[PDB]
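Letters A, B, C, D, E, F and G mark the chains as written, and numbering starts fresh at 1 in each.
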Amino acid sequence: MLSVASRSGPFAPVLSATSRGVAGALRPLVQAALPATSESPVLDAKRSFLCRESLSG
Amino acid sequence: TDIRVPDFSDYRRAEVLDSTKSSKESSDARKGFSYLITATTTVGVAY
Amino acid sequence: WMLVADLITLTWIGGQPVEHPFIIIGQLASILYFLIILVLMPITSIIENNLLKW
Amino acid sequence: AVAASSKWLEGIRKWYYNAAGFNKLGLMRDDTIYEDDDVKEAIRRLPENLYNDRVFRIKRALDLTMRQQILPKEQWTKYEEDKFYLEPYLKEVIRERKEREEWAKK
Amino acid sequence: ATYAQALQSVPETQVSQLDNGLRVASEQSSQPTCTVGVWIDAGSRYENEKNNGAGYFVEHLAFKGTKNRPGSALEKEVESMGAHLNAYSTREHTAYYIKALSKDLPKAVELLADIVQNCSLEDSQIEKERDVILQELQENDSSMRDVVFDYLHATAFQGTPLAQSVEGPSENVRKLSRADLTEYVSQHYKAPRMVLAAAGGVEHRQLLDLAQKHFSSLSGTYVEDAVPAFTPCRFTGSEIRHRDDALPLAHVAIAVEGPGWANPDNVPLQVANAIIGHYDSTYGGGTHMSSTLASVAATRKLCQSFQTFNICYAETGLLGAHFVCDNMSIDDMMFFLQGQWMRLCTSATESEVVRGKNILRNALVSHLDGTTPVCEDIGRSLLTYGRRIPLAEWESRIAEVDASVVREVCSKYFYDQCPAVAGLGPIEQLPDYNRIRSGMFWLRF
Amino acid sequence: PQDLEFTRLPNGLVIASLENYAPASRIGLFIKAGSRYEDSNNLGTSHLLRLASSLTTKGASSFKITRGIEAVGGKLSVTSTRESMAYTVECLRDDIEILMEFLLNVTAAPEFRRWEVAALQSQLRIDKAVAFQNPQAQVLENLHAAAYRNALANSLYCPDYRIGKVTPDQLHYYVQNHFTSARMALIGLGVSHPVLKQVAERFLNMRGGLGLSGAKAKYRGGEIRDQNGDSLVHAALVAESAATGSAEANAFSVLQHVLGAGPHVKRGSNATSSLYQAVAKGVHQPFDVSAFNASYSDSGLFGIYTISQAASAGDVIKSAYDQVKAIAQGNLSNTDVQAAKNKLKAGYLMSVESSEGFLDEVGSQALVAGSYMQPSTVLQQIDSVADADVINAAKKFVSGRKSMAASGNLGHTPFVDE
Amino acid sequence: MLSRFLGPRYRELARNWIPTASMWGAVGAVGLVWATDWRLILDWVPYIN
């Protein structure tokens, strides 16, 4: 009745027609890259960088 | 973030070297030396 | 081979003098050279397609 | 689409089948089609067992023609056992090309 | 029960002003949550070379102590309500906003006024944030899209304050003292340059009373009343190439000069970029797609992903595309992209322009779903256009566009111009600048 | 207004619509399918079904679906979890009856032609490698395999040996047995209620009934280690908790916010997280800790999640686990239970705020409970959790049998028995 | 057969290329009048005799 996404932590993947594949709700959770360096993906199978947040109008 | 372009004002045209007020304007009055000078190559090679 | 036997006819007529039998034979064989290539060949291939059900 | 003289026209279709001679090389009708870009897409959509049967029948007929020979008459393809195996795949490839073409003008 | 009738029923934005110059705007929607924030006209284009890091240094220190709420006391009362604090900082804007419940609006406005006025800049929290920034820079160096878009600004606007980056160089981060940061706040954090916005369940009359109570100690006339005036920033056609063969994929961005914020050319230039489109290798229908560049890059497997962009500033802008591919594919990606720009200057059909108008209508209304994207549209439209442009006015500017308008505006901005180019990674097959510049015209017309 | 119209058809279908007066519409179809309904002979069929939404159907070709949706500027997407699949369509309000016919063709009349299914097999390899660039994707698939024997041990992504071998007859069998009317909910957000009903008798002609009887999930207390070359160690440690829609499940949700479930301030030091403060007493390297919660229809998992450096991984896990023991023997202040209820209530109202979050919330209620409840009924259930119920949930974790999964350089990571 | 050139928006493409194609028929009216020195249209303009 309350969803998988309502309590945080189980996974969900998404497929689109005109948009990009996504994974999970809280997976990459914040105060992880606050310290050290969590350097990010060195890409070899490049999916996007900002997830279609442009073309706002 | 430490990589800036070095200055090109030894080569930059007669009025575009100081970067204050000319983004796309006065571009027609800068490019009119490379194109009708091609004209008297064409009316040079016309005859 | 109607078209090959029509180019043999036009070779014989081209070496004859211009009198009565060789003047109507010469122009009825100039018509047949264009009627076979342009009209009779594309219609005959469609009849063959229809007898094989494509 | 005549109903009384479609016995006459069934005999003309049999006569033309024997006068053409791909049956004497052991071929079927869809083996002899000219391969344009449309027919080449229907070939790669065939199931594996039908594709393999077609490659051997063509290779065997190309070998008989190198030697100017034909098959024994007991191995000639009969008119009622010629299977039009490629025709349903080809109608679908053509129907999809007409749809990309009506979309581009409208 | 019609798309026309639904655009009239959208509630309106109310704008007020205080005596010191501060503007107050809100949109009421009937719902139990809200978002409130403060938008400022500050950014790295207002800095010079001695203090280029300074505005990103003070955005680090903003959530870490004021005079009334020292240290982690601010953090404890935000979390004990169930609320969120966020910030960002571009080349021209700066924001701080809170997302909370509608009954906690008096507490949320009080915290935001304490952050932007009374913020402490103590000398032990500095020299501790200096380390966090210095390894934040190294993390950004592994994001290749962020490096390549910084290269494009540095070469398109070379001798100008729009060329420098938001974070600054590493040598400035190591030297920015306390007096440089207190002087930055006194010059740019001033009432006539700030907007207090809110969306969700709020009433404008109550938001105005909280602004008079907490935001009226700001002085309204400038110190020694010296006025700002934006010195404009020129575009230069040029190129920068970062060669590195151990990177597995290459990043290329290319741009011509575009229009600023208030130019009416911006609407037909966004119908045009929606005809070129975007692509990624995880899309579902690749070979059947309506974009020509997307249908070709899926059939031949030419790239990983491409996008078009339209970035605006006050007087100038950037208009172009970005793509990611392997080392044997750069030359065919440049050929097919420039062939699409020239095909729109001529040859642009009416059926293409109907699809590009439908895409832009959908992207406008889908971006305004939720209280945080509505509140950010209020806070930066008041600094860019001076007002909030409603959705019925956007729809009448889109209906005017046809194929001859698109054919005219594209020839003005693309045809026979010098582009700016940036590249990074295995880029030996990136074509020569002379060969790129010749691709900007067709010898037919 | 008009809060929601809610209707059950005489063969199980649930229909629910809300009439906003917004310029855009959203329509979703929610099905009880997903990776928990496949056995060991057909693993990865649900991953390929997710990728196949724009193939040829009986009423539209694959060219017409891509061109027809893009002509009006619309979208089509599929979202899945271990227990659910969701098909979503959105466009502007005048175009929504065009995109409804496409959505009923993708779900109620698919064809699975050989040459189209064979060209799609290579997409499975691309989609899995993109998702596994995040290290939490593989840790969380290994954690479900360590925790269950079956039903809830199947991954969301196709196994590597199986890529290339999902056949068209396996796809036809999955849809025929799991996509039936008593397992489906049709949810509309900017449409009317009688227009969705006439859409519903267009696929009420077939596929009636419940499907098949998946099995109960059986708990296994296991361990899966994965040595690799990643720079940080990820680790998770859980126990069996409580199913969705019970009074103990609400107590585990409150306990998650007591310990800490993610930050509220950008770059803040997490001053009200119990787990984060206890670890930071003796560890002065970069790290991150969180409480983990996952609730399902017949079981649940609760525990902790750490990210640390390799030489500090045992120090972080022991400090975090020692904090949950302190709660389980009575140390729990009353002002801490109240601040946890505020974070749980405010997070629930912020997640239903947009159209995507609201449509998801209504669709999961119709599959599991078959009804709709207002958020004021939900907020009462959270306030009725007592302090003794939170202490009892922390004793079920401490005494229960554990499961574990880890990855990275595991040379200083403890085993689940130590 | 050549109704591939028959579309409602394909004849729209003749409307935007014939203003360029309105003119190079007048290059032949001016370019080999130059080259082969045709005395027909040297009678035309009083610039040239």
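One rule holds for everything that comes next: contacts are C-beta pairs under 8 Å (C-beta built on N, C-alpha and C of every residue); 3 or more make two chains touch, one makes a residue touch a chain.
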Open item on the list: If you apply the touch rule, which chains end up adjacent to both chain E and chain G?
Closed with: none
Open item on the list: Quick check for the class: compute each chain's Cα centroid; which one is farthest from the centroid of chain G?
Closed with: F
Task: Innermost chain, taking as reference the mean of every protein Cα atom displayed - done: A
- [ ] Could you quickly compare A-F and A-E and let me know which has more C-beta contacts?
- [x] A-F
Task: Rounded Å distance, chain B centre to chain C centre (Cα mean) - done: 69
Open item on the list: Just the number, please: Cα centre separation of chain D and chain F in whole Å.
Closed with: 53
- [ ] Go ahead and note the Å separation of the Cα centroids belonging to chain E and chain F.
- [x] 32
Task: Contacts with two or more other chains, residues of chain F listed in rising order - done: 51, 53-54, 63, 66-67, 70, 76, 126-127, 130, 266-268
- [ ] Any chance you could list the residues of chain E touching two or more other chains?
- [x] 132, 281-282, 284-285, 289, 351, 359, 363
- [ ] At least two other chains touched by the same residue of chain D: list those residues.
- [x] 106
Task: Chain pairs that touch, as defined at the top of this document - done: A-E, A-F, B-E, C-D, D-F, D-G, E-F, E-G
- [ ] Enumerate the contact residues on chain B facing chain E in the complex.
- [x] 1-5, 7-9, 16, 18-24
Task: Contacting residues of chain D [partner chain F, same complex] - done: 44-45, 47, 96, 99-100, 103
- [ ] Over in the complex, which chain C residues touch chain D? Could you list them?
- [x] 48, 51-54
Task: chain F partner contacts - residues on chain E that touch it in the complex - done: 1-3, 5-7, 9-10, 31-33, 60, 63, 72, 75-76, 78-87, 99-101, 132, 281-282, 284-285, 288-290, 355, 358-359, 361-363, 365-366, 369-371, 391
Open item on the list: Touching residues of chain F toward chain E in the complex: what are they?
Closed with: 21-24, 51, 53-54, 62-63, 65-67, 70-74, 76, 90-94, 123, 126-127, 130, 264-269, 271-272, 339, 342-347, 349-350, 353-356
